[PDB]
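Student: If it helps, the file is called coords.cif and holds mmCIF, N, CA and C atoms:
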data_structure
loop_
_atom_site.group_PDB
_atom_site.id
_atom_site.type_symbol
_atom_site.label_atom_id
_atom_site.label_comp_id
_atom_site.auth_asym_id
_atom_site.auth_seq_id
_atom_site.Cartn_x
_atom_site.Cartn_y
_atom_site.Cartn_z
ATOM 1 N N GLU A 147 0.804 -1.218 0.000
ATOM 2 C CA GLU A 147 0.000 0.000 0.000
ATOM 3 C C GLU A 147 0.840 1.273 0.000
ATOM 4 N N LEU A 148 2.162 1.157 -0.150
ATOM 5 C CA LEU A 148 3.012 2.342 -0.120
ATOM 6 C C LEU A 148 2.648 3.326 -1.219
ATOM 7 N N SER A 149 2.345 2.826 -2.417
ATOM 8 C CA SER A 149 1.945 3.704 -3.510
ATOM 9 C C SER A 149 0.797 4.615 -3.088
ATOM 10 N N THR A 150 -0.322 4.012 -2.675
ATOM 11 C CA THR A 150 -1.502 4.789 -2.310
ATOM 12 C C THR A 150 -1.236 5.681 -1.102
ATOM 13 N N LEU A 151 -0.425 5.204 -0.153
ATOM 14 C CA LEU A 151 -0.183 5.989 1.052
ATOM 15 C C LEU A 151 0.652 7.223 0.739
ATOM 16 N N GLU A 152 1.731 7.048 -0.026
ATOM 17 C CA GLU A 152 2.522 8.185 -0.476
ATOM 18 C C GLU A 152 1.696 9.135 -1.329
ATOM 19 N N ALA A 153 0.766 8.606 -2.126
ATOM 20 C CA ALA A 153 -0.096 9.475 -2.919
ATOM 21 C C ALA A 153 -0.958 10.356 -2.021
ATOM 22 N N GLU A 154 -1.636 9.747 -1.047
ATOM 23 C CA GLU A 154 -2.471 10.531 -0.144
ATOM 24 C C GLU A 154 -1.633 11.535 0.639
ATOM 25 N N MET A 155 -0.415 11.147 1.018
ATOM 26 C CA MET A 155 0.489 12.072 1.697
ATOM 27 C C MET A 155 0.813 13.272 0.811
ATOM 28 N N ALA A 156 1.156 13.012 -0.453
ATOM 29 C CA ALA A 156 1.455 14.095 -1.381
ATOM 30 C C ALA A 156 0.266 15.031 -1.532
ATOM 31 N N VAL A 157 -0.943 14.470 -1.638
ATOM 32 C CA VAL A 157 -2.136 15.301 -1.794
ATOM 33 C C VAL A 157 -2.371 16.151 -0.550
ATOM 34 N N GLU A 158 -2.149 15.578 0.636
ATOM 35 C CA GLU A 158 -2.311 16.344 1.868
ATOM 36 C C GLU A 158 -1.333 17.513 1.918
ATOM 37 N N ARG A 159 -0.063 17.239 1.613
ATOM 38 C CA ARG A 159 0.927 18.309 1.576
ATOM 39 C C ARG A 159 0.540 19.380 0.562
ATOM 40 N N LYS A 160 -0.007 18.962 -0.583
ATOM 41 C CA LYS A 160 -0.419 19.928 -1.596
ATOM 42 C C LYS A 160 -1.537 20.816 -1.075
ATOM 43 N N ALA A 161 -2.516 20.224 -0.387
ATOM 44 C CA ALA A 161 -3.584 21.025 0.200
ATOM 45 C C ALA A 161 -3.021 22.057 1.168
ATOM 46 N N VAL A 162 -2.051 21.647 1.992
ATOM 47 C CA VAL A 162 -1.443 22.586 2.936
ATOM 48 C C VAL A 162 -0.741 23.722 2.195
ATOM 49 N N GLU A 163 -0.002 23.391 1.130
ATOM 50 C CA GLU A 163 0.729 24.421 0.397
ATOM 51 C C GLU A 163 -0.218 25.384 -0.311
ATOM 52 N N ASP A 164 -1.290 24.859 -0.909
ATOM 53 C CA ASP A 164 -2.300 25.720 -1.518
ATOM 54 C C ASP A 164 -2.893 26.677 -0.491
ATOM 55 N N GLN A 165 -3.260 26.159 0.687
ATOM 56 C CA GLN A 165 -3.781 27.031 1.735
ATOM 57 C C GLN A 165 -2.790 28.140 2.065
ATOM 58 N N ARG A 166 -1.517 27.777 2.267
ATOM 59 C CA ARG A 166 -0.515 28.783 2.611
ATOM 60 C C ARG A 166 -0.433 29.859 1.537
ATOM 61 N N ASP A 167 -0.399 29.444 0.269
ATOM 62 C CA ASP A 167 -0.248 30.414 -0.808
ATOM 63 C C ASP A 167 -1.460 31.332 -0.894
ATOM 64 N N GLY A 168 -2.665 30.781 -0.723
ATOM 65 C CA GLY A 168 -3.854 31.621 -0.730
ATOM 66 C C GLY A 168 -3.864 32.630 0.404
ATOM 67 N N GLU A 169 -3.496 32.190 1.612
ATOM 68 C CA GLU A 169 -3.403 33.117 2.737
ATOM 69 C C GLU A 169 -2.388 34.219 2.463
ATOM 70 N N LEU A 170 -1.212 33.848 1.955
ATOM 71 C CA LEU A 170 -0.182 34.849 1.720
ATOM 72 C C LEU A 170 -0.620 35.849 0.658
ATOM 73 N N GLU A 171 -1.248 35.369 -0.418
ATOM 74 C CA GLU A 171 -1.723 36.277 -1.456
ATOM 75 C C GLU A 171 -2.785 37.224 -0.913
ATOM 76 N N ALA A 172 -3.736 36.690 -0.142
ATOM 77 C CA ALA A 172 -4.749 37.541 0.467
ATOM 78 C C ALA A 172 -4.106 38.615 1.333
ATOM 79 N N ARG A 173 -3.209 38.211 2.237
ATOM 80 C CA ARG A 173 -2.604 39.177 3.147
ATOM 81 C C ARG A 173 -1.762 40.199 2.400
ATOM 82 N N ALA A 174 -1.149 39.803 1.283
ATOM 83 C CA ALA A 174 -0.335 40.742 0.520
ATOM 84 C C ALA A 174 -1.208 41.784 -0.165
ATOM 85 N N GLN A 175 -2.285 41.340 -0.813
ATOM 86 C CA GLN A 175 -3.238 42.302 -1.355
ATOM 87 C C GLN A 175 -3.751 43.221 -0.253
ATOM 88 N N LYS A 176 -3.986 42.664 0.939
ATOM 89 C CA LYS A 176 -4.488 43.463 2.051
ATOM 90 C C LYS A 176 -3.483 44.527 2.470
ATOM 91 N N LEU A 177 -2.204 44.159 2.569
ATOM 92 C CA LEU A 177 -1.187 45.137 2.944
ATOM 93 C C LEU A 177 -1.056 46.221 1.884
ATOM 94 N N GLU A 178 -1.134 45.845 0.605
ATOM 95 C CA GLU A 178 -1.095 46.856 -0.447
ATOM 96 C C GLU A 178 -2.267 47.822 -0.303
ATOM 97 N N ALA A 179 -3.468 47.286 -0.068
ATOM 98 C CA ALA A 179 -4.649 48.133 0.079
ATOM 99 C C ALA A 179 -4.548 49.021 1.313
ATOM 100 N N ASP A 180 -3.988 48.496 2.402
ATOM 101 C CA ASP A 180 -3.893 49.273 3.631
ATOM 102 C C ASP A 180 -2.846 50.372 3.510
ATOM 103 N N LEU A 181 -1.721 50.084 2.853
ATOM 104 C CA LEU A 181 -0.740 51.134 2.613
ATOM 105 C C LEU A 181 -1.287 52.183 1.655
ATOM 106 N N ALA A 182 -2.128 51.776 0.699
ATOM 107 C CA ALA A 182 -2.828 52.758 -0.124
ATOM 108 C C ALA A 182 -3.758 53.621 0.723
ATOM 109 N N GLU A 183 -4.511 52.996 1.632
ATOM 110 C CA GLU A 183 -5.334 53.745 2.577
ATOM 111 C C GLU A 183 -4.503 54.788 3.310
ATOM 112 N N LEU A 184 -3.369 54.360 3.868
ATOM 113 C CA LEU A 184 -2.528 55.265 4.646
ATOM 114 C C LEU A 184 -2.006 56.413 3.789
ATOM 115 N N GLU A 185 -1.566 56.118 2.563
ATOM 116 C CA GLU A 185 -1.107 57.178 1.671
ATOM 117 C C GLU A 185 -2.245 58.085 1.220
ATOM 118 N N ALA A 186 -3.492 57.617 1.302
ATOM 119 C CA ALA A 186 -4.626 58.455 0.925
ATOM 120 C C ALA A 186 -4.706 59.696 1.805
ATOM 121 N N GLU A 187 -4.631 59.510 3.120
ATOM 122 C CA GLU A 187 -4.644 60.619 4.061
ATOM 123 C C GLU A 187 -3.208 61.070 4.331
ATOM 124 N N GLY A 188 -3.025 61.937 5.324
ATOM 125 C CA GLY A 188 -1.688 62.351 5.704
ATOM 126 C C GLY A 188 -0.883 61.183 6.231
ATOM 127 N N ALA A 189 0.091 60.726 5.450
ATOM 128 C CA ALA A 189 0.828 59.502 5.744
ATOM 129 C C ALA A 189 2.210 59.858 6.274
ATOM 130 N N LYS A 190 2.457 59.537 7.539
ATOM 131 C CA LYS A 190 3.790 59.675 8.109
ATOM 132 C C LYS A 190 4.626 58.471 7.691
ATOM 133 N N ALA A 191 5.696 58.721 6.934
ATOM 134 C CA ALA A 191 6.555 57.656 6.429
ATOM 135 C C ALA A 191 6.860 56.631 7.516
ATOM 136 N N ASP A 192 7.122 57.107 8.735
ATOM 137 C CA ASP A 192 7.404 56.202 9.845
ATOM 138 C C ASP A 192 6.222 55.277 10.112
ATOM 139 N N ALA A 193 5.012 55.837 10.193
ATOM 140 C CA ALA A 193 3.841 55.020 10.496
ATOM 141 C C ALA A 193 3.531 54.048 9.363
ATOM 142 N N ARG A 194 3.690 54.491 8.114
ATOM 143 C CA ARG A 194 3.437 53.603 6.983
ATOM 144 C C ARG A 194 4.432 52.450 6.948
ATOM 145 N N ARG A 195 5.708 52.722 7.234
ATOM 146 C CA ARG A 195 6.677 51.631 7.268
ATOM 147 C C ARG A 195 6.484 50.745 8.495
ATOM 148 N N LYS A 196 5.940 51.290 9.586
ATOM 149 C CA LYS A 196 5.539 50.441 10.705
ATOM 150 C C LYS A 196 4.426 49.485 10.290
ATOM 151 N N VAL A 197 3.432 49.991 9.559
ATOM 152 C CA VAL A 197 2.358 49.131 9.066
ATOM 153 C C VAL A 197 2.915 48.073 8.125
ATOM 154 N N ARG A 198 3.871 48.461 7.279
ATOM 155 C CA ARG A 198 4.504 47.499 6.382
ATOM 156 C C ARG A 198 5.246 46.420 7.164
ATOM 157 N N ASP A 199 5.972 46.812 8.214
ATOM 158 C CA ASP A 199 6.668 45.828 9.037
ATOM 159 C C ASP A 199 5.683 44.893 9.723
ATOM 160 N N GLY A 200 4.550 45.427 10.178
ATOM 161 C CA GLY A 200 3.536 44.571 10.772
ATOM 162 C C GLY A 200 2.986 43.561 9.784
ATOM 163 N N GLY A 201 2.654 44.023 8.578
ATOM 164 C CA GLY A 201 2.167 43.110 7.556
ATOM 165 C C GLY A 201 3.187 42.052 7.178
ATOM 166 N N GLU A 202 4.458 42.446 7.074
ATOM 167 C CA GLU A 202 5.500 41.482 6.740
ATOM 168 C C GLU A 202 5.700 40.472 7.865
ATOM 169 N N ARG A 203 5.590 40.913 9.121
ATOM 170 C CA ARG A 203 5.668 39.970 10.232
ATOM 171 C C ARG A 203 4.489 39.003 10.210
ATOM 172 N N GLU A 204 3.301 39.492 9.846
ATOM 173 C CA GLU A 204 2.146 38.604 9.744
ATOM 174 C C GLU A 204 2.339 37.571 8.639
ATOM 175 N N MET A 205 2.826 38.006 7.473
ATOM 176 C CA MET A 205 3.113 37.060 6.397
ATOM 177 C C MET A 205 4.162 36.040 6.829
ATOM 178 N N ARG A 206 5.196 36.490 7.545
ATOM 179 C CA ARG A 206 6.173 35.561 8.101
ATOM 180 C C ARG A 206 5.495 34.527 8.987
ATOM 181 N N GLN A 207 4.606 34.976 9.871
ATOM 182 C CA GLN A 207 3.950 34.043 10.777
ATOM 183 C C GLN A 207 3.101 33.040 10.008
ATOM 184 N N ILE A 208 2.415 33.498 8.961
ATOM 185 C CA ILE A 208 1.614 32.589 8.141
ATOM 186 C C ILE A 208 2.505 31.527 7.503
ATOM 187 N N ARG A 209 3.595 31.967 6.865
ATOM 188 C CA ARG A 209 4.509 31.020 6.234
ATOM 189 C C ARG A 209 5.081 30.051 7.255
ATOM 190 N N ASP A 210 5.401 30.543 8.453
ATOM 191 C CA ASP A 210 6.022 29.688 9.458
ATOM 192 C C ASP A 210 5.026 28.669 9.994
ATOM 193 N N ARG A 211 3.768 29.074 10.158
ATOM 194 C CA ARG A 211 2.712 28.132 10.516
ATOM 195 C C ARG A 211 2.601 27.024 9.473
ATOM 196 N N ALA A 212 2.475 27.417 8.202
ATOM 197 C CA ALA A 212 2.378 26.428 7.138
ATOM 198 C C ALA A 212 3.591 25.509 7.137
ATOM 199 N N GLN A 213 4.781 26.071 7.362
ATOM 200 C CA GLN A 213 6.000 25.275 7.341
ATOM 201 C C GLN A 213 6.042 24.303 8.513
ATOM 202 N N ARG A 214 5.554 24.728 9.680
ATOM 203 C CA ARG A 214 5.457 23.818 10.814
ATOM 204 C C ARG A 214 4.578 22.629 10.467
ATOM 205 N N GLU A 215 3.420 22.892 9.859
ATOM 206 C CA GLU A 215 2.543 21.782 9.497
ATOM 207 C C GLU A 215 3.200 20.869 8.464
ATOM 208 N N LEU A 216 3.877 21.458 7.471
ATOM 209 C CA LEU A 216 4.535 20.656 6.442
ATOM 210 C C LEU A 216 5.630 19.780 7.038
ATOM 211 N N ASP A 217 6.412 20.327 7.971
ATOM 212 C CA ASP A 217 7.466 19.543 8.605
ATOM 213 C C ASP A 217 6.892 18.461 9.514
ATOM 214 N N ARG A 218 5.767 18.734 10.179
ATOM 215 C CA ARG A 218 5.110 17.688 10.954
ATOM 216 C C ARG A 218 4.711 16.526 10.053
ATOM 217 N N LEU A 219 4.062 16.835 8.925
ATOM 218 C CA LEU A 219 3.674 15.783 7.989
ATOM 219 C C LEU A 219 4.895 15.041 7.453
ATOM 220 N N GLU A 220 5.981 15.770 7.181
ATOM 221 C CA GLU A 220 7.199 15.130 6.699
ATOM 222 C C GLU A 220 7.735 14.139 7.722
ATOM 223 N N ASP A 221 7.766 14.538 8.995
ATOM 224 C CA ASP A 221 8.234 13.632 10.038
ATOM 225 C C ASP A 221 7.332 12.413 10.145
ATOM 226 N N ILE A 222 6.013 12.623 10.098
ATOM 227 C CA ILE A 222 5.078 11.500 10.143
ATOM 228 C C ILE A 222 5.392 10.508 9.029
ATOM 229 N N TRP A 223 5.538 11.012 7.802
ATOM 230 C CA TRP A 223 5.753 10.124 6.665
ATOM 231 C C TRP A 223 7.080 9.386 6.787
ATOM 232 N N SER A 224 8.156 10.109 7.113
ATOM 233 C CA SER A 224 9.458 9.463 7.251
ATOM 234 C C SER A 224 9.418 8.381 8.318
ATOM 235 N N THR A 225 8.801 8.686 9.462
ATOM 236 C CA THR A 225 8.743 7.735 10.565
ATOM 237 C C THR A 225 7.967 6.489 10.171
ATOM 238 N N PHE A 226 6.798 6.667 9.553
ATOM 239 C CA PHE A 226 6.041 5.500 9.112
ATOM 240 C C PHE A 226 6.834 4.682 8.100
ATOM 241 N N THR A 227 7.525 5.353 7.176
ATOM 242 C CA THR A 227 8.253 4.636 6.137
ATOM 243 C C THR A 227 9.430 3.857 6.706
ATOM 244 N N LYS A 228 10.067 4.377 7.752
ATOM 245 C CA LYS A 228 11.199 3.709 8.376
ATOM 246 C C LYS A 228 10.815 2.934 9.630
ATOM 247 N N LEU A 229 9.538 2.954 10.012
ATOM 248 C CA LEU A 229 9.087 2.284 11.226
ATOM 249 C C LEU A 229 9.574 0.839 11.270
ATOM 250 N N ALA A 230 9.980 0.401 12.458
ATOM 251 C CA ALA A 230 10.463 -0.959 12.663
ATOM 252 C C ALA A 230 10.388 -1.272 14.152
ATOM 253 N N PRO A 231 10.649 -2.519 14.542
ATOM 254 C CA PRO A 231 10.580 -2.869 15.963
ATOM 255 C C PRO A 231 11.771 -2.327 16.742
ATOM 256 N N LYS A 232 11.528 -2.042 18.021
ATOM 257 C CA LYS A 232 12.479 -1.493 18.987
ATOM 258 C C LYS A 232 12.657 0.014 18.826
ATOM 259 N N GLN A 233 11.920 0.663 17.928
ATOM 260 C CA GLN A 233 11.968 2.113 17.817
ATOM 261 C C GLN A 233 11.078 2.747 18.873
ATOM 262 N N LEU A 234 11.569 3.822 19.480
ATOM 263 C CA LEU A 234 10.832 4.538 20.512
ATOM 264 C C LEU A 234 10.204 5.792 19.923
ATOM 265 N N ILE A 235 8.932 6.014 20.240
ATOM 266 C CA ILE A 235 8.193 7.194 19.813
ATOM 267 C C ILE A 235 7.832 7.970 21.072
ATOM 268 N N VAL A 236 8.504 9.107 21.279
ATOM 269 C CA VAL A 236 8.371 9.856 22.525
ATOM 270 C C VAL A 236 7.307 10.942 22.466
ATOM 271 N N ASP A 237 6.757 11.235 21.291
ATOM 272 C CA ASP A 237 5.788 12.313 21.138
ATOM 273 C C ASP A 237 4.385 11.717 21.087
ATOM 274 N N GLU A 238 3.571 12.039 22.094
ATOM 275 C CA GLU A 238 2.187 11.580 22.111
ATOM 276 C C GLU A 238 1.475 11.939 20.812
ATOM 277 N N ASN A 239 1.566 13.207 20.403
ATOM 278 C CA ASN A 239 0.882 13.631 19.187
ATOM 279 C C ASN A 239 1.394 12.868 17.975
ATOM 280 N N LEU A 240 2.711 12.666 17.886
ATOM 281 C CA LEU A 240 3.261 11.970 16.728
ATOM 282 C C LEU A 240 2.807 10.516 16.693
ATOM 283 N N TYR A 241 2.820 9.842 17.842
ATOM 284 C CA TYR A 241 2.353 8.463 17.873
ATOM 285 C C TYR A 241 0.876 8.375 17.506
ATOM 286 N N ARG A 242 0.048 9.262 18.058
ATOM 287 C CA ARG A 242 -1.377 9.188 17.760
ATOM 288 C C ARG A 242 -1.660 9.535 16.302
ATOM 289 N N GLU A 243 -0.867 10.427 15.704
ATOM 290 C CA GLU A 243 -0.977 10.643 14.265
ATOM 291 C C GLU A 243 -0.624 9.370 13.510
#
Would you write out, as structure tokens, the structure that this file holds?
Tutor:
Amino acid sequence: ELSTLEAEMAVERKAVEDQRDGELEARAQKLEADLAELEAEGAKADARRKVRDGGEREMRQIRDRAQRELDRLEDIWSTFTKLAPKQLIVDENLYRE
């Protein structure tokens, strides 16, 4: 069943990556629109670049969340593929996955 299992794993990872890309695109359009808002009124360069730094930190957090999930799935797959007797699994969440 390795064929089908690796296939489902690949599809799951793809769903995660699609979600990440959609979130990042949404947030990027949002930051562009918000910086346009700020430039519409009296825009203090300092405040606008603060808003830009906030948006970039949010995009970083989104990417890092997605990457955490991708690495979790990678560990799950590697562990199952190499699973054998006498191996110790110390993570409750990893074992239950």
Student: Give me, as a list in words, all polymer residues having an atom no more than 12 Å from residue 165 in chain A, counting only C-alpha atoms and skipping those fewer than 6 positions away in the same chain.
Tutor: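 In the requested format, the answer is residues 158, 159, 171, 172, 208, 209, 211, 212, 213, 215 and 216 of chain A.
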Student: Mind pulling up the distance from CA of residue 225 in chain A to CA of residue 239 in chain A?
Tutor: 13.1 Å
Student: So, with only C-alpha atoms as the atoms that count, which of A:187, A:192, A:220, A:210 lies closest to residue 155 in chain A?
Tutor: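 Using only C-alpha atoms, residue 155 in chain A sits closest to A:220.
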Student: Calculated over only C-alpha atoms, which of the candidates A:194, A:219, A:175, A:204 has the smallest distance to residue 157 in chain A?
Tutor: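 With only C-alpha atoms as the atom set, the closest residue is A:219.
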Student: With the file shown as input, list the residues that the PyMOL selection byres (((chain A and resi 198 and name CA) around 12) and name CA) selects, as a list in words.
Tutor: residues 173, 174, 176, 177, 178, 179, 180, 181, 182, 184, 191, 192, 193, 194, 195, 196, 197, 199, 200, 201, 202, 203, 204 and 205 of chain A
Student: Restrict the selected residues to N, CA and C atoms and save them as an mmCIF file, in the frame of the given file.
Tutor:
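Contents of the output file selection.cif:
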data_model
loop_
_atom_site.group_PDB
_atom_site.id
_atom_site.type_symbol
_atom_site.label_atom_id
_atom_site.label_comp_id
_atom_site.auth_asym_id
_atom_site.auth_seq_id
_atom_site.Cartn_x
_atom_site.Cartn_y
_atom_site.Cartn_z
ATOM 1 N N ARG A 173 -3.209 38.211 2.237
ATOM 2 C CA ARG A 173 -2.604 39.177 3.147
ATOM 3 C C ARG A 173 -1.762 40.199 2.400
ATOM 4 N N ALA A 174 -1.149 39.803 1.283
ATOM 5 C CA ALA A 174 -0.335 40.742 0.520
ATOM 6 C C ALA A 174 -1.208 41.784 -0.165
ATOM 7 N N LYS A 176 -3.986 42.664 0.939
ATOM 8 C CA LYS A 176 -4.488 43.463 2.051
ATOM 9 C C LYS A 176 -3.483 44.527 2.470
ATOM 10 N N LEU A 177 -2.204 44.159 2.569
ATOM 11 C CA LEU A 177 -1.187 45.137 2.944
ATOM 12 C C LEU A 177 -1.056 46.221 1.884
ATOM 13 N N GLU A 178 -1.134 45.845 0.605
ATOM 14 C CA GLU A 178 -1.095 46.856 -0.447
ATOM 15 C C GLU A 178 -2.267 47.822 -0.303
ATOM 16 N N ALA A 179 -3.468 47.286 -0.068
ATOM 17 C CA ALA A 179 -4.649 48.133 0.079
ATOM 18 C C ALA A 179 -4.548 49.021 1.313
ATOM 19 N N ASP A 180 -3.988 48.496 2.402
ATOM 20 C CA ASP A 180 -3.893 49.273 3.631
ATOM 21 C C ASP A 180 -2.846 50.372 3.510
ATOM 22 N N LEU A 181 -1.721 50.084 2.853
ATOM 23 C CA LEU A 181 -0.740 51.134 2.613
ATOM 24 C C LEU A 181 -1.287 52.183 1.655
ATOM 25 N N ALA A 182 -2.128 51.776 0.699
ATOM 26 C CA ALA A 182 -2.828 52.758 -0.124
ATOM 27 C C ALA A 182 -3.758 53.621 0.723
ATOM 28 N N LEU A 184 -3.369 54.360 3.868
ATOM 29 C CA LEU A 184 -2.528 55.265 4.646
ATOM 30 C C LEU A 184 -2.006 56.413 3.789
ATOM 31 N N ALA A 191 5.696 58.721 6.934
ATOM 32 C CA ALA A 191 6.555 57.656 6.429
ATOM 33 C C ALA A 191 6.860 56.631 7.516
ATOM 34 N N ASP A 192 7.122 57.107 8.735
ATOM 35 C CA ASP A 192 7.404 56.202 9.845
ATOM 36 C C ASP A 192 6.222 55.277 10.112
ATOM 37 N N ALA A 193 5.012 55.837 10.193
ATOM 38 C CA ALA A 193 3.841 55.020 10.496
ATOM 39 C C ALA A 193 3.531 54.048 9.363
ATOM 40 N N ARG A 194 3.690 54.491 8.114
ATOM 41 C CA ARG A 194 3.437 53.603 6.983
ATOM 42 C C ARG A 194 4.432 52.450 6.948
ATOM 43 N N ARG A 195 5.708 52.722 7.234
ATOM 44 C CA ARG A 195 6.677 51.631 7.268
ATOM 45 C C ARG A 195 6.484 50.745 8.495
ATOM 46 N N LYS A 196 5.940 51.290 9.586
ATOM 47 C CA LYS A 196 5.539 50.441 10.705
ATOM 48 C C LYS A 196 4.426 49.485 10.290
ATOM 49 N N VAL A 197 3.432 49.991 9.559
ATOM 50 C CA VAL A 197 2.358 49.131 9.066
ATOM 51 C C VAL A 197 2.915 48.073 8.125
ATOM 52 N N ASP A 199 5.972 46.812 8.214
ATOM 53 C CA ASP A 199 6.668 45.828 9.037
ATOM 54 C C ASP A 199 5.683 44.893 9.723
ATOM 55 N N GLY A 200 4.550 45.427 10.178
ATOM 56 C CA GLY A 200 3.536 44.571 10.772
ATOM 57 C C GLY A 200 2.986 43.561 9.784
ATOM 58 N N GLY A 201 2.654 44.023 8.578
ATOM 59 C CA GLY A 201 2.167 43.110 7.556
ATOM 60 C C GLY A 201 3.187 42.052 7.178
ATOM 61 N N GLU A 202 4.458 42.446 7.074
ATOM 62 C CA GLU A 202 5.500 41.482 6.740
ATOM 63 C C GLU A 202 5.700 40.472 7.865
ATOM 64 N N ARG A 203 5.590 40.913 9.121
ATOM 65 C CA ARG A 203 5.668 39.970 10.232
ATOM 66 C C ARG A 203 4.489 39.003 10.210
ATOM 67 N N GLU A 204 3.301 39.492 9.846
ATOM 68 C CA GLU A 204 2.146 38.604 9.744
ATOM 69 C C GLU A 204 2.339 37.571 8.639
ATOM 70 N N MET A 205 2.826 38.006 7.473
ATOM 71 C CA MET A 205 3.113 37.060 6.397
ATOM 72 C C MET A 205 4.162 36.040 6.829
#
Student: Have a look at CA of residue 153 in chain A and atom C of residue 227 in chain A and let me know their distance in Å, one decimal.
Tutor: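 These atoms are spaced 14.7 Å apart.
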Student: Please measure the separation of CA of residue 242 in chain A and atom N of residue 156 in chain A, giving the value in Å to one decimal.
Tutor: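 About the pair CA of residue 242 in chain A and atom N of residue 156 in chain A: they are 18.8 Å apart.
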Student: So that I can check the secondary structure, give me every residue of chain A assigned alpha helix (DSSP H) by backbone DSSP, as an MDAnalysis selection string.
Tutor: chainID A and resid 148:186 191:228 238:242
Student: Around all listed atoms of range 152-160 of chain A, padded 6 Å per side, what centre and edge lengths does the axis-aligned box have in Å to one decimal, as lines of an AutoDock Vina configuration file?
Tutor:
center_x = 0.0
center_y = 13.9
center_z = -0.5
size_x = 17.0
size_y = 25.8
size_z = 16.8
